[PDB]
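Heads up, the thing below is written out as C-alpha cells.
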Amino acid sequence: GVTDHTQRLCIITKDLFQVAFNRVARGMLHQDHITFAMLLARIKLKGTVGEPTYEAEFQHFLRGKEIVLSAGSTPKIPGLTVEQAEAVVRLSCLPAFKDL
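The sequence shown runs 3848 to 3947 under the deposited numbering.
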C-alpha cells in the first residue's frame, strides 16, 4: 500500500530490527533477550540521525567498575550504602554527573 520511497525505506529499516529480534530471540533463553535487544537498540542509535554518539556514557555503562577509587577517597554520602556511594563517585567522573 505505501508507495513513497522514504516511507518504504523507514518501514524496511524498522521491520529489519523487529524481524531480526523476532527470529533470533525465539532461539535464545529468556534471560538473553534483553542483551540482544540492547545491542539492536545501540545499533539503531548508531545509525540514527540527530543523536549524539553517547560513547562516553555507554563506555562508562560497560566498564564503570574500572574507574579506580582509592580506599578512603570515596566520601560516605548520607543515606547511601557504601557500594552505592562508591558507584556514585565512579559515576561522577563523567562531566554530566560532576555535581552528582
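A virtual CB, placed ideally from N, CA and C, is assigned to each residue, including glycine.
Nearest to residue i (by Cα), restricted to the options the options
| i | options | result |
| --- | --- | --- |
| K3923 | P3942, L3886, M3875, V3935 | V3935 |
| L3863 | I3890, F3908, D3851, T3882 | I3890 |
| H3880 | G3894, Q3865, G3926 | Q3865 |
| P3942 | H3907, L3927, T3850 | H3907 |
| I3914 | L3938, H3877, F3944, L3856 | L3938 |
| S3917 | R3910, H3852, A3932, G3926 | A3932 |
| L3909 | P3925, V3849, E3930, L3886 | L3886 |
| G3894 | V3849, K3861, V3929 | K3861 |
Residue i - DSSP class collapsed to helix/strand/coil
| i | result |
| --- | --- |
| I3859 | helix |
| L3916 | coil |
| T3928 | coil |
| residue 3969 | Because the chain in this structure spans residues 3848 to 3947, residue 3969 falls outside the shown range and cannot be described. |
| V3871 | helix |
| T3921 | coil |
| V3849 | coil |
Other residues of its chain near residue i: CB distance less than 8 Å, five sequence neighbours each side excluded
| i | result |
| --- | --- |
| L3892 | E3898, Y3901 |
Neighbourhood of residue i by C-beta, 7 Å cutoff - its chain only, sequence neighbours within 5 removed
| i | result |
| --- | --- |
| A3872 | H3880, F3883 |
| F3944 | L3938 |
Contact test: residue i Cβ vs the ligand MG heavy atom, cutoff 6 Å
| i | result |
| --- | --- |
| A3918 | For the ligand MG, the structure offers nothing, since it holds no ligand at all. |
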